[PDB]
């Protein structure tokens, strides 16, 4: 019986066993002291007393529109506030990384082996009184029963923030470059060895695959013209492997950076758009540098698209999610006078937290047509029939589902929801409340406090028994949403540090990289700093249709 099974060390203290039945807490630089690191120093009490709650800060950022309008248009003020948002978030992240699924203590194996997802909290020891430590019952509830009673959609619940399918598929497309679970190996392992925004889902994970996708003229990527429009090349032509069922004919097997993007037309849509953007940038650079060769044109274009991606994700994507009247800003210079590590390791909990299944609709609405899940998946024929323009117009206006609030997961992906729970247990995640404490949030003291409701909280009580036994994934989906919001508190407060760290931690944001020469001059640099979700569609989609991450 491991002495640290009770997770006795508080406030990010480190538990270490000293003997078979005793433990010791390392309170170094926690701001606390005592046996469990639970007694605050003088300075710590003052900081705590003066620290406003996340909900308070959230209220201020989502109100006083007249105030933020002025702040947004004064760089001095906007920079100082954005600088605060960045610094205070990333400090909750261990960098360089620490634990993974196989190590609850610091080890060189955990640090050096990039095949693992890292871990924000160490795994629960193998031999503990309960699966989660000491709290709860000897056996966790049946994972399918959790999904059915708490997560399954009885009736479609639209997102009150108005997120659309353009947002939903952007989210899936973007995150699947660093969420690349090596399932044949196990949920603890990833294929994304770059561990961040490298755009491997466009260019490929290895040089061998990249060379299959490249045209080797003017720095461009291979493509084909169908009905006058640019689309990805075929598998037969590139010999770049893709995941396709037998029923998909050869001429419809599109080859892109990510092997699984043929699964759903929504992904292939963004894959096509980003492909168009790369070759567009190549033309721009070739005009600016007629002396450059194919290789430098390719490499510089890739760096620019990485910049565009981070720019769009912060100022459009995260901006939409936050609901802030304050306008977030992508500016690496904000950190040049701060302590910050330019590196990133993808955490398993970050992956799990991003299982935003409830976003998915009951049917997919393209033009005047509707498709069920069986018709939609692996169906590139739909994409060619309607075209990218029609796809953009339809997805922009189709609303997505609310993620928090419970019971909004489509039955079509019921087994996927269960898988998230099963894998979480396989990797021995700690409880939901342990993760709330890990990110300096007060733990919930009752099921009713979690959901803000009596029905689902009663079912939670019947299943888990104790609030400290509730698991991470289901609790995130049943958590009381913030007022008219898509998420609950925990989703934001745990997710934002991971998100922002991986964005600003990118190498191109470092002082040695963030300069005009890196991107082929001011022309390439400007492409990055003026990028938006609207400009991406306008530049690469016929007719330049209106688009947004929110419904009109």
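Positions refer to the first chain, counted from 1. Each form is matched to the other, and the largest set of C-alpha atoms that superpose within 1.5 Å is called the rigid core.
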{"item": "Outlying stretch relative to shown form, 424-432 versus 69-77 in 5 other deposited structures of this protein, C-alpha RMS (core)", "value": "69-77"}
{"item": "Greater mean Cα temperature factor according to the PDB record, 103-111 or 176-184", "value": "176-184"}
{"item": "268-276 versus 435-443 - which carries the larger mean C-alpha B factor in the record", "value": "435-443"}
{"item": "Largest Cα B-factor, entry values, listed residues 192, 204, 232, 131", "value": "131"}
{"item": "Deposited CA B-factor, highest of 53, 517, 510, 526", "value": "53"}
{"item": "CA B-factor placement of residue 366, once the chain's modelled residues are sorted into thirds", "value": "highest"}
{"item": "Residue 249 - which third its CA temperature factor falls in, relative to the rest of the chain", "value": "highest"}
{"item": "CA B-factor placement of residue 163, once the chain's modelled residues are sorted into thirds", "value": "middle"}
{"item": "Residue 464, C-alpha B-factor rank within chain (lowest, middle or highest third)", "value": "highest"}
{"item": "Residue 349 by Cα B-factor - lowest, middle or highest third of the modelled chain", "value": "lowest"}
